[PDB]
Participant: 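Sharing a structure, written as structure tokens. Questions coming.
The analysis underlying the following values was restricted to heavy atoms, covering all of them including side chains, and did not include hydrogens, waters or symmetry mates. Quick note: residue numbers are just sequence positions, from 1. Atoms within each ligand, like the ligands themselves, are counted from 1 in listed order.
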Amino acid sequence: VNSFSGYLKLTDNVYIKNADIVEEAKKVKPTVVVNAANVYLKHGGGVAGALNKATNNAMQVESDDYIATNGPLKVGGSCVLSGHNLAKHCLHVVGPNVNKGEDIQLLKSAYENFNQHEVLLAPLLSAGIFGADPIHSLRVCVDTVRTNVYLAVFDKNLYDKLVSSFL
Ligand SMILES: Cn1cnc2c(N)nc(N)nc21
């Protein structure tokens, strides 16, 4: 049993809800929250800006030190950093950004990072400002992630479309 509440069950391991990721993380304090990161860990908008704003910019300060030491992530890659006031850990995952011309086949590689964690709170990778089709992102998630993933969808309209169209 876990603390996650109000989710629709899509598969054995994937659950979905209409939820602002900041508010859900604040309520649950999950072991892992996933950030929709870029390779520079520049958390300017979307999930990254929302999460970082909720940490009072502590996520960005930590991220800048990580990049100064390690250099940029790979598209499809990840790193584990603090969850600050939101979670124990934040898994920063870089999905391909279609608005930068990145290979959508890298979305599967991005989701494979989730399999290193038994339970996660996450957004759909490469959707929204990253430019991918969220229906596609949900299909790759279900077909790639084997650990237990609780997906938060921000827009009530998109949530309803993802559920209605789910095979
Ligand atoms: C895609 N996107 C942008 N902002 C958010 C947010 N606050 N919450 C969730 N679940 N998704 C988001």
Participant: Test your reading of the model: is there a side-chain donor-acceptor pair from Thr55 to the backbone of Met59, 3.5 Å cut-off?
Facilitator: yes
Participant: Below 3.5 angstrom, do we get any N/O pair linking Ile21 and ligand 1?
Facilitator: yes
Participant: Does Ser164 reach the main-chain N or O of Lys161 with its side chain, forming a donor-acceptor pair under 3.5 Å?
Facilitator: no
Participant: Of all the heavy atoms in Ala152, does at least one lie under 4.0 Å from an atom in ligand 1?
Facilitator: yes
Participant: Check whether any side-chain N or O of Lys53 sits under 3.5 Å from a backbone N or O of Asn56 as a donor-acceptor pair, and report yes or no.
Facilitator: no
Participant: In this structure, is the centre-to-centre distance between the rings of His92 and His43 below 6.0 Å?
Facilitator: yes
Participant: Tell me, which protein residue and heavy-atom name are nearest atom 7 (N) of ligand 1, and how many Å apart are they?
Facilitator: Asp20 OD1, 2.8 Å
Participant: Who's the nearest protein heavy-atom neighbour of atom 1 (C) of ligand 1, and how far?
Facilitator: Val47 CG2, 3.8 Å
Participant: How long is the gap from CG on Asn18 to NZ on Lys156, to the nearest 0.5 Å?
Facilitator: 5.0 Å
Participant: Say whether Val22 and ligand 1 are in contact under the criterion: heavy-atom distance to a ligand atom below 4.0 Å.
Facilitator: no
Participant: Does the residue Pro123 have a heavy-atom contact with ligand 1, meaning some pair of atoms that are separated by less than 4.0 Å?
Facilitator: no
Participant: Donor-acceptor pair, distance only, cut-off 3.5 Å: does the side chain of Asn38 make one with the backbone of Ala48?
Facilitator: no
Participant: Heavy atoms only, cut-off 4.0 Å: how does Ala19 contact ligand 1, side chain, backbone, both, or neither?
Facilitator: backbone
Participant: Name the option, out of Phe130, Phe154, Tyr159, that contains the heavy atom nearest to atom 5 (C) of ligand 1.
Facilitator: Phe154
